[PDB]
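What follows is a single chain, given as structure tokens, in the form deposited in one PDB entry.
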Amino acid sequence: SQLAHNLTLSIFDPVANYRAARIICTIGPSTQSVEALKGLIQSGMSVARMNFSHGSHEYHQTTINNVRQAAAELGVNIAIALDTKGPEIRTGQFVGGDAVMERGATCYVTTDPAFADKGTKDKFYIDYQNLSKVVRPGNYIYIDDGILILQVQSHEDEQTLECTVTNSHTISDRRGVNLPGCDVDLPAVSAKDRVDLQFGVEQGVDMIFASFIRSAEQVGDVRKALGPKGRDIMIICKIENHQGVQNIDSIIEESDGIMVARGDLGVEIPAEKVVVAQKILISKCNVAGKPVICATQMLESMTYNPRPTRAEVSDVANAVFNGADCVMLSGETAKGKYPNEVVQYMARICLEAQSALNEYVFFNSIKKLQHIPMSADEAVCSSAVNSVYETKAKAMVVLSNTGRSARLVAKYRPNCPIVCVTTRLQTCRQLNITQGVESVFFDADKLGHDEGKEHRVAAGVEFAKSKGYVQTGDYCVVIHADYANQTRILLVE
């Protein structure tokens, strides 16, 4: 049926009148200013990502205010995402400043703090105390973004390892280190993470991109760290290693969403398997009805070039085909030369891919996996999307305050736009990581509570008409679920 859909397609037929997939942009010096951010919003940005691995609270404070200003001036809602620093293993200091590692040379990595400030080419410090327990002779240690690769030969003692330098590379003070294949038992949240998350709650961020998640128990740690005030902030778990992939089922259940970080995964898992892992994680989230983000090596060559490679274009397209809600941009928007052109092009690719995509395969697949009997919530939303296909309805209107109904509806993948009408601006922002949904804020303060709902309903249809999704004579499937639910098949005037 995806096969069958391909036969009817023509590459010369006009694209769809809406883009379902959502674009996340990492903010950096190339895009932090208000006018640069207004550029990105018009280019197709829905979520602004702050990378808390770099820059101070003052720096990310600027981002928060500029993102809020740029959004207000354009009268749109943009989500703010906090990407945590997470746990990190780093080397110590070197005398004096660096150390040049010759290929074939023997060196000693020690876990003893007495060498934290007197590292040399021959012996230097690594700050993770259990390093000796988790690493075995034959294993590899990556240092400085995986540029320096060295192989562990033997245990010199319970604190130091004998290594051989595979790579000629000069390393500086306090470089990050990777332990491919090893079971790292660092805390879920670091001491710095607790501070940054605290800040996130105080500044009212919409979501946390929680780094290096390995088990379900770690998701609770992030929740505890966010505290009672932050109980409504979405936790999106970043899967970065084998543990995260292995524990994916329990992690998905505890998280509000997932991020597939292909680059971090590519460190210790062969790239061919990372492609397959992507399919797995995206499909699992689709069934769960939780947002999924395809992140990392998207249009990276377009950081310095006006156009990407062809293989990169198919990578972005196939992310949509896999069923990803979101596609992410890192250095392309943060430090790149073409921050607007890369977001505009990613939008074009997502829309082109969507035109080829058969949403009915998604609907049918996700429907068949529901056990009988279904519960009310599941039944209503699945049936609503069913009605859309049944009647060739050209829009949907979902009344959801928290965004739960909207996410559940989007889960079943209609072939029409989903308009969500919410009384909460927080929900307008948070739904930006759910594909195929657009938010309309209904001001319950200066417009009333509207228990009759038909003000909120007409507000949704008004939005659908203005965007050109529906006209007179068209069908629109309206749904309000909360379990006080209802489904209306409406004729548009």
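One rule holds for the numbers: they count along the sequence shown, beginning at 1.
- Of the other compared PDB entries of this protein that include residues on both sides, at least a third leave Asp482 without atoms.
- Going from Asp482 to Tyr483, the model skips 4 to 9 deposited residues, which lack coordinates.
- Of the two stretches examined, 443-451 and 66-74, the record assigns the greater average C-alpha temperature factor to 443-451.
- The mean Cα B-factor in the deposited entry runs higher for 452-460 than for the other of 452-460 and 420-428.
- Residue-level inspection of the entry shows that, of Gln278, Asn130, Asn286, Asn318, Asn130 has the top Cα B-factor.
- In this PDB entry, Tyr125 carries a Cα temperature factor that places it within the middle third of its chain's modelled residues.
- In the PDB entry, a CA B factor belonging to the lowest third of its chain's modelled residues is recorded for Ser255.
- In the deposited entry, the Cα temperature factor of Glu359 places it in the middle third of its chain's modelled residues.
- Ranked by C-alpha B-factor against the other modelled residues of its chain, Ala21 falls in the middle third.
- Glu390: CA B factor in the middle third of modelled residues in this chain (values from the PDB entry).
From this point on, the text means the form deposited in another entry, which you will not see here.
- Hinge location among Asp249, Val440, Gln370, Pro87 for the rigid parts moving between the shown form and the other one, by C-alpha fit switching from one part to the other: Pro87.
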